[PDB]
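Chemist: Quick one: this structure, given as structure tokens, is what I'll be asking you about.
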Amino acid sequence: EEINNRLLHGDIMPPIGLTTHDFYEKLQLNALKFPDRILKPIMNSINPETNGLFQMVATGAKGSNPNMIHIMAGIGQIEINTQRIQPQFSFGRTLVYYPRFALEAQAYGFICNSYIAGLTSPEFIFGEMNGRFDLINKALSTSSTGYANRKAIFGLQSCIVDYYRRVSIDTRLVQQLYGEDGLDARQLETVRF
Amino acid sequence: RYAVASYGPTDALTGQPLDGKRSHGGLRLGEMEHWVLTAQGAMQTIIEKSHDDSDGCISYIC
Amino acid sequence: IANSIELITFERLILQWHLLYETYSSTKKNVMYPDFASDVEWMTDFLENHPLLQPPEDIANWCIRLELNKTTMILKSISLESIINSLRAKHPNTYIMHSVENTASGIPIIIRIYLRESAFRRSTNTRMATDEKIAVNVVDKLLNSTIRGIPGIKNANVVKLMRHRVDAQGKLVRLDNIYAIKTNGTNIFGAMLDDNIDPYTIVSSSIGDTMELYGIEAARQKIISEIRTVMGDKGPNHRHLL
Amino acid sequence: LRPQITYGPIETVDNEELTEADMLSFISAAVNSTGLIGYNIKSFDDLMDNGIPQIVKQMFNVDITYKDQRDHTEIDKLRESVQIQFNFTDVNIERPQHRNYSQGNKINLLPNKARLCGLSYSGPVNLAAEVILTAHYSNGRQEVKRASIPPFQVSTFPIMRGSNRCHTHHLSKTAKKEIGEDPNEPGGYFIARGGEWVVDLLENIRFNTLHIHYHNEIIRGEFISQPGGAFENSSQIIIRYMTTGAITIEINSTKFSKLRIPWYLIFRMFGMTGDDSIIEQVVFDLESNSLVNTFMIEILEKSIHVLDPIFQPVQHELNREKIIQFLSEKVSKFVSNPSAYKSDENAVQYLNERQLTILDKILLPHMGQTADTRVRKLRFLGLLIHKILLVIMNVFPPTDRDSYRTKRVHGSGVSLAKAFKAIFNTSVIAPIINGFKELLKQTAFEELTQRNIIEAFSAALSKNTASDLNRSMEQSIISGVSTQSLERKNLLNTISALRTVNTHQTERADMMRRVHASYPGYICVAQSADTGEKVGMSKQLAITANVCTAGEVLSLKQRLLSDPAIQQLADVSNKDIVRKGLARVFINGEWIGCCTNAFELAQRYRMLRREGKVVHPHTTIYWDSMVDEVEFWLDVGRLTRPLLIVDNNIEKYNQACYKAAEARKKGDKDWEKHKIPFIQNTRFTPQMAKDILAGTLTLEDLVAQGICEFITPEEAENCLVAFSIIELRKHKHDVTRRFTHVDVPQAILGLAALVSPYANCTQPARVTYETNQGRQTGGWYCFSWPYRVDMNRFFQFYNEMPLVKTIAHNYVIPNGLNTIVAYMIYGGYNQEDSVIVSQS
Amino acid sequence: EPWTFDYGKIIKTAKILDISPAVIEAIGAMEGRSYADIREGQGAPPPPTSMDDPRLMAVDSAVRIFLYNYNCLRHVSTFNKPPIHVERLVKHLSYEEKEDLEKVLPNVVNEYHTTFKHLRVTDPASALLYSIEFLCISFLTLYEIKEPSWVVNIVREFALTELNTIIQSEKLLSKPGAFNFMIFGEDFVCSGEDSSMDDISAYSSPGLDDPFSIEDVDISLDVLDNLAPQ
Amino acid sequence: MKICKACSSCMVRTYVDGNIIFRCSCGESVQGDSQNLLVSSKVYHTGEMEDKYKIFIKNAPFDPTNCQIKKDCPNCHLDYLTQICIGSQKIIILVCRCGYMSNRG
Ligand SMILES: [Zn+2]
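Chains as they are written, first to last, in the entry's author numbering: chain A, 678 to 870; chain B, 1119 to 1180; chain C, 1113 to 1354; chain D, 4 to 218, 225 to 489, 504 to 527, 535 to 870; chain E, 1011 to 1217, 1227 to 1249; chain F, 1 to 105.
Put into structure tokens, the structure is as follows:
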């Protein structure tokens, strides 16, 4: 809100290389991040000796800290391509639920509620916008990888180790020694000098 | 689930098993499977599957 | 230095430009465009303030009138003389006049470039081009003139990075108080020509730029570095990048 | 016209006892009014009763001429060509029938017999016709023979199950249950070759609107014009701005063929040959000093002097007859010998009339189809070029390809009409014309009797082509008109399949799969495929969303033209529009007039829609505040949902502010007492919620009482909606957030996404997973399963209502069991998506 | 200045062309009518009431056809290749006389375009008559010119050829009579209202690697659940 | 452009000896005096200028989808205003139904 008051009074001045729109978005994205102390209320509610959700996360079995924060404290800002929700509903409106040129952070994907508390209808729509990207990119992680995998293999499959530990294409050197050390990648150990 | 045999219906053109459980044919060891078997150096497995089990034959060249 | 290295073309300081078929009028009796006839008022001040900047004899019947975006001149901190001097240095076959760099809103700053006869002697290899097509091309090359920064780079930030160094006692220490310039866009040769940049330690992310200027062995190290960046933290062994 | 009804003051509405569970009664009423798939039956019944008869009686008039190849007598030598002219006068479609193989009369064919025997649930089509044959002779004499043909059956048309022509429409639920039909299913599918097929809803762009897209062309502006009605023929024009500086208008239709014309030639062909007025149609004023006009004029001037190698001979021609004659040579496929007819002063007159008749009906047919609208069409064509050049200037952005403000959803009625047109011509019109050609070849024209004409018409439609109409309709229904086989995984799948919206570059392929900001309330934000190429490709209707039918466009058009606030198009000059700042008014895309105050007109007709007596409740009223345009939409294919209207006291609040100011300026120290508080509320009360559940209050009564109204995605851009009744109460006295409507939160989800309990407490991507898993769940897949022979169908014996159920279980049977589940580690056999089941 | 419609100019002009005056009055209105009806004046549509009536454009189109072709005669020397309608007229002339015809011929476009715009917006009935009377007045000026002698028979022939061509081209937009339909030469002729030879693809119509296709992924179609995001 | 006085066509521009001559396809030639000395033009930032949003700013107080702000109108003394934000510089304009416009418009 303080950034919005500076915007309304014309007190926001971008640095060289940024427009006022970009600097304002940079200020809003940085201002809407959860602090480290968000875990004080979370860890005050839980018993680490007995809480199974915390033990699965803390030991590394499953889950992360942002998963517990999302469930228990709040989801925060929805970011798509490192940006807030773009006004896509008729020139300055993000949804039919918010006015045009709305200034509040909720209008641009800031989810204030957690999953335990439940999301309102606009928060669920912004959550579905972010979650649809995961489904789209998972489908693309198969097809787009296959295109790059098949072209990489056909360009490299003729590289074969010969009796000098060199890598060549039927006679023609690609490497004077494989990996420049002549070793197998399965036979390495990290050692400090 | 599917398991077939060492024998069954084959394609008249390629001589390879028919496709899938519906045709009572075989299963595909595709292009990526041969990449993995080649990366492992398992060439006798490739002869067993791609030649002895798919459509391997004898060719005569002058 | 990062703000010094930022490509500002003359085109991006312009609100609008008008191509006028006019010659030079030392007096108030020659013909001008009606909408811009009032420009002659600050022309007389320009003559009375530039005794050695007099209009030559070979001025053509071609004028390009320019309207500067005062917000961009303020946000980018670009003076009027920096624009004028940059244009006069790069375009010797033109005559340039301008109004005052006034501080009052609603009074615009006008750039007027009169072409010279030598501008219409150059284009001979394409004999099927009239003066209108030549003058338009001159307008295009005037707009693309570099006012500040090196060509090819949009933004130049300032980043903090850590590097190692050997002390006088032989100890290797990681120094964290080092500031770099990570740019947006690649021009190894342009960054190389700058005296504020170390030329021996230019790290471009472009393989083609590295290949052209440095060679195939440096481009080999560049392919290794750029695949590593994409791979991330679970990236493969180094011998697969090799 | 002033609105009449005045409602009671909003200050006295008592809603504070409304719970969010009471607001589910509004969704109940909405679903009861629209049904779940009722639009499908309505659309097919509209096709049966109104669409096909209109198409056959109006869009299939045949008028052709064939050379006489009979040269055996003196009259045969004199006769040069024969003109075959006919049209159909009566069209009827009956209920499906079957022979029974008793050499007796036809009997009724029930859907289960069609399913078992692999038959087609198709009803007979009966047609009547009038034939006129005219033979022409060398001297210039002609002979005309007319015949009238009694009704005959041409073929059979597929019948939607549960529709008017379905036999399960005159039966009761018990009788439906006893003939092997699922007594609880609504229907909405076709039975072809023993299979069940769903003709799916198809996304199409909105007709009579300009869709401007960037691409040697720099920009493109498309415009599909339909002369009014879902079943009319459409004609698309593409206005291209090329890199060469040219502007070309290409007209694609049933007659022209992908031919690009310089834009100013279209104006010249209609008598507008002066350049200073052709430019005036685009810039609206030659005497304007605006910088937008300078950009427009500079581009238009360059485009005139660009050499088109195809239209060069008539490029400088100021004689419209020579331009019409030139284009008639290009688009007439039978003119293969130029200059052979130019010596004939009657063949040139034939070509000019043939061209003008085509041009009047094919270029912007929605603005008119006669000669008197030529200048009117040119005013509209200059408006389209004006809009396209505004995007070129980067004043305005191109069209959003994903938004539903400019999209339409077309069901079986529309889709089967387009398939019918291309099949009726191929397998009815063609055999009849060819049969008449052979009748004339093997017999003299003057010998022919009326019995010979009737016989040649009926004989030409043999079993070769009678099967063709039905089989081609079956192929269109099966091949996919985007269709899909009906998969009876469970009852939820069947309903979800009938509410599916389908569609016909890497950056474009990702963008069309995202959820768009226009979806909430119309397209379910959760339901999509979670894996594969179909992620985000099929869309689901939200629970309260419906598909609109075409309204009475003529009734509203006559009222807008009888309205003193609207100046008719033939009474305002292009100068008068721009110098007086008038606002263009459109109805279904047709520019009909101008008004001085666009906001006042839209608000006055929105109030007339609340009574519903003068303006139909299903009328879209859009006010483009960016350009001051009022758009009325009544066409088929709009998505609508009911929204509860929010009223306020902003008029009294403003007056109290004025009275406080008038007291403050007079030195009064108690000026603050004159300000009243702001109040905004909905008129929906807890008693209305109780009356809905008692069955004594419907959605139509709520609409008729001005409590709710229907909103379209294009009208939704004039709406500020409170997402729930809790948000409305939080802002009851907030004058800075004045909602136009209040939403019921569950309306943003479809039927399969509402199965998930506490779905807003789950990660939203997992709700998408459940929309898929809930449709693949075992259960009572059909209530008539013992009468069916299906493939790969599972009937789960025991099903339970969830202990925590949702509103979705009021409309679909639940599928599953209330299993006791322990959330524990037990031996490691439940890891990585594994589960331990009780063997008992 | 107060303008009025004079019908004697139309009678005078029709007398010179030896045609019925109803043909002059029906410029722009001959579409859909037999030439005999137009000649007799039968079926004449009423005066325009709308400023968007295509008849106003049609008659204004004819006026500028006359004025465009008349100025081509005035500036015949200016053309590098004078048009076909002028080359035969001034073929028998020397260069001095061909560069002439500017200072001897009258300018007959005095105040037309301004007056047509005013009348088209104000009263479309008067605009239709103004443009017909202007066309007849323009013909009479180029007819009753008597000095000098060397130009009298060369501008008078053009006034006949141009005005007849305007009326002939408008006649070509009328209803045809009887003719052989096979003169075009393709064994068939379709009318403008025929639907038998309509484009079939124009009904089922509104009017490079696939990023999501598994084309280079060699995976079985019965195993595609291995790609589920879970 | 230049419009021919007889055929009302768009005349072609040519340059000769410091003069602009308009030549039409009908043979008519004219000389421009002052208003024809504009060969070409271009304006920048077209999607953010004042003339782009004139109708929108005029209609802003009546559109019920616009953001409102709790501020007194200095003219009619209404206690709320309509706040709009245009351009990439995020220019804020407060408008009122009476006709008041911050930025003095
Ligand atoms: Zn005010």
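Quick reminder that beta carbons are idealized off the backbone N, C-alpha and C, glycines included.
From the DSSP output, which residues share a beta bridge with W653/D?
Modeler: Against the fourth sequence, residue 653/D aligns to sequence position 623. Beta-bridge pairing links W653/D to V660/D.
Chemist: Would you identify the three-state DSSP class for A1160/B, choosing helix, strand or coil?
Modeler: Against the second sequence, residue 1160/B aligns to sequence position 42. Note: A1160/B maps to coil in three-state DSSP.
Chemist: What three-state label does DSSP hand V733/D in the structure shown?
Modeler: Along the fourth sequence, one-based indexing puts residue 733/D at 703. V733/D: helix per DSSP, three-state reduction.
Chemist: Starting from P161/D, follow its DSSP beta bridges and name the residues at the other end.
Modeler: Counting from one through the fourth sequence, the residue named residue 161/D turns up at place 158. Paired residue(s): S125/D.
Chemist: Whose C-beta lies closer than 8 Å to the C-beta of residue 1076/B among residues of the same chain, with five residues either side of it excluded?
Modeler: The requested residue 1076/B is not part of the displayed model; chain B covers only 1119 to 1180.
Chemist: Taking Cβ positions, are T650/D and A777/D nearer each other than 8 Å?
Modeler: By one-based count along the fourth sequence, residue 650/D stands at place 620. By one-based count along the fourth sequence, residue 777/D stands at place 747. Cβ distance not < 8 Å, so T650/D and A777/D don't count as in contact.
Chemist: If I follow the unbroken alpha helix (DSSP H) through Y1080/E, where does it start and stop?
Modeler: Translated into the one-based positions of the fifth sequence, residue 1080/E becomes position 70. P1064 to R1084 is the span of the alpha helix (DSSP H), which, as asked, contains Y1080/E.
Chemist: Please confirm whether residue 106/F has its beta-carbon closer than 8 Å to some beta-carbon of chain E.
Modeler: With chain F represented from 1 up to 105, any question about residue 106/F goes unanswered, as that position is not in the structure.
Chemist: So what does DSSP say about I596/D, is it helix, strand or coil?
Modeler: By 1-based counting over the fourth sequence, the position of residue 596/D is 566. Strand at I596/D.
Chemist: Please state whether the Cβ-Cβ distance between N346/D and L1182/E is less than 8 Å.
Modeler: The residue labelled residue 346/D in the question sits at position 337 within the fourth sequence. The residue labelled residue 1182/E in the question sits at position 172 within the fifth sequence. In this structure, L1182/E does not lie closer than 8 Å to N346/D by Cβ.
Chemist: Assuming the contact rule is C-beta atoms closer than 8 Å, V1033/E and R1049/E should be a hit. Round their C-beta distance to whole Å, please.
Modeler: Here residue 1033/E is taken as the residue at index 23 of the fifth sequence, counted from 1. Here residue 1049/E is taken as the residue at index 39 of the fifth sequence, counted from 1. Indeed, because the Cβ distance is near 6 Å, the residues count as touching under 8 Å.
Chemist: If you measure from the beta carbon of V773/A to each beta carbon in chain D, is any gap under 8 Å?
Modeler: Counted from its first residue, the first sequence places residue 773/A at position 96. Judged by the 8 Å Cβ criterion, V773/A is in contact with chain D.
Chemist: Using the rule of at least 16 other Cβ atoms within 10 Å of the residue's Cβ for burial, across every protein chain shown, is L205/D buried or exposed?
Modeler: Along the fourth sequence, one-based indexing puts residue 205/D at 202. The residue is buried, with at least 16 neighbouring Cβ atoms inside 10 Å.
Chemist: Is any heavy atom in ligand 1 found nearer than 7 Å to the beta carbon of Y100/F?
Modeler: One-based indexing of the sixth sequence puts residue 100/F at position 100. Yes, the Cβ of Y100/F comes within 7 Å of a heavy atom of ligand 1.
Chemist: By how many angstroms is the C-alpha of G859/A removed from the C-alpha of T867/A?
Modeler: Start at 1 with the first residue of the first sequence, and residue 867/A comes out as number 190. Start at 1 with the first residue of the first sequence, and residue 859/A comes out as number 182. Looking at the two C-alpha atoms, the distance is approximately 17 Å.
Chemist: What's the call for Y1178/B, buried or exposed, on a 16-neighbour Cβ count within 10 Å?
Modeler: Within the second sequence, numbered from 1, the residue matching residue 1178/B stands at position 60. Exposed, because fewer than 16 other Cβ atoms sit within 10 Å of the Cβ of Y1178/B.
Chemist: Among residues of its own chain, excluding the 5 on either side of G804/A, which ones have a beta-carbon nearer than 8 Å to its beta-carbon?
Modeler: For the purposes of this step, residue 804/A is identified with residue 127 of the first sequence, where counting begins at 1. Taken in chain order, the residues that qualify are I752, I755, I788 and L796.
Chemist: Would you say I596/D reaches chain F, if we count a Cβ-Cβ gap shorter than 8 Å as a contact?
Modeler: Position 566 of the fourth sequence, counted from the first residue, corresponds to residue 596/D. False, the Cβ-Cβ gap to chain F never drops below 8 Å.
Chemist: Which same chain residues end up closer than 7 Å to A1247/C when comparing Cβ atoms and leaving out the 5 residues on each side of it in sequence?
Modeler: For this step, residue 1247/C is matched to residue 135 along the third sequence. The residues are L1131, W1174 and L1227.
Chemist: Regarding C96/F and ligand 1, is the C-beta to nearest heavy atom distance less than 7 Å?
Modeler: Taking the first residue of the sixth sequence as position 1, residue 96/F is located at position 96. At least one heavy atom of ligand 1 is nearer than 7 Å to the Cβ of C96/F, so yes.
Chemist: Using the three-state DSSP reduction, which class does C85/F fall into: helix, strand or coil?
Modeler: Position 85 of the sixth sequence, counted from the first residue, corresponds to residue 85/F. Three-state DSSP puts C85/F in a strand.
Chemist: Please classify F870/A as buried or exposed, where buried requires at least 16 other C-beta atoms within 10 Å of its C-beta.
Modeler: Reading the first sequence from its first residue, position 193 is the one you call residue 870/A. Exposed, by the Cβ-count rule.
Chemist: Between the stretch 692-705 of chain D and the stretch 627-637 of chain D, do at least 3 Cβ pairs fall closer than 8 Å?
Modeler: no
Chemist: Have a look at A1114/C and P692/A and give me their C-alpha separation to the nearest angstrom.
Modeler: For the purposes of this step, residue 1114/C is taken as the residue at position 2 of the third sequence. For the purposes of this step, residue 692/A is taken as the residue at position 15 of the first sequence. The alpha-carbon atoms of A1114/C and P692/A are separated by roughly 12 Å.
Chemist: Suppose contacts are defined by Cβ-Cβ distances below 8 Å. Is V842/D in contact with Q507/D by that definition?
Modeler: Reading the fourth sequence from its first residue, position 812 is the one you call residue 842/D. Reading the fourth sequence from its first residue, position 484 is the one you call residue 507/D. In this structure, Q507/D does not lie closer than 8 Å to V842/D by Cβ.
Chemist: Would you identify the three-state DSSP class for residue 959/D, choosing helix, strand or coil?
Modeler: Outside the shown range of chain D (4 to 870) lies residue 959/D, about which nothing can therefore be said.
Chemist: For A1149/C, count neighbouring C-beta atoms within 10 Å of its own C-beta (all shown protein chains included) and say buried if the count is 16 or more, exposed if not.
Modeler: For the purposes of this step, residue 1149/C is taken as the residue at position 37 of the third sequence. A1149/C should be labelled exposed.
Chemist: Is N75/F near ligand 1, in the sense that its beta carbon is under 7 Å from a heavy atom of that ligand?
Modeler: In the sixth sequence, the residue the question calls residue 75/F occupies position 75. It does: the Cβ of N75/F is within 7 Å (strictly closer) of some heavy atom of ligand 1.
Chemist: Does the separation of the CB atoms of residue 1358/C and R1224/C fall below 8 Å?
Modeler: Because chain C is modelled from 1113 through 1354, residue 1358/C falls outside the range shown and cannot be assessed.
Chemist: Residue range of the alpha helix (DSSP H) that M1343/C falls in?
Modeler: Translated into the one-based positions of the third sequence, residue 1343/C becomes position 231. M1343/C -> alpha helix (DSSP H) spans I1328 to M1343.
Chemist: Using a Cβ-Cβ distance under 8 Å, would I846/A count as near chain B?
Modeler: Translated into positions along the first sequence, residue 846/A becomes position 169. The Cβ of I846/A sits no closer than 8 Å to any Cβ of chain B.
Chemist: Name the residues in the stretch 1198-1218 of chain C whose C-beta lies less than 9 Å from a C-beta of chain F; which are they?
Modeler: The residues in question: there are none.
Chemist: Can you check whether the CB of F1189/E is closer than 8 Å to the CB of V1199/E?
Modeler: In the fifth sequence, the residue the question calls residue 1199/E occupies position 189. In the fifth sequence, the residue the question calls residue 1189/E occupies position 179. It is not a contact, given that the beta carbons lie outside the stated cut-off.
Chemist: If the criterion is Cβ atoms closer than 8 Å, does the pair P1058/E and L1066/E meet it?
Modeler: Position 48 of the fifth sequence, counting from 1, holds the residue named residue 1058/E. Position 56 of the fifth sequence, counting from 1, holds the residue named residue 1066/E. Yes, Cβ-Cβ distance for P1058/E and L1066/E is below 8 Å.
Chemist: When every heavy atom of ligand 1 is checked, does at least one fall within less than 7 Å of the C-beta of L78/F?
Modeler: What you label residue 78/F is simply residue 78 of the sixth sequence in a count that begins at 1. At least one heavy atom of ligand 1 is nearer than 7 Å to the Cβ of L78/F, so yes.
Chemist: What residue range does the alpha helix (DSSP H) around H698/A cover?
Modeler: Counting from one through the first sequence, the residue named residue 698/A turns up at place 21. Its alpha helix (DSSP H) spans residues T697 to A708.
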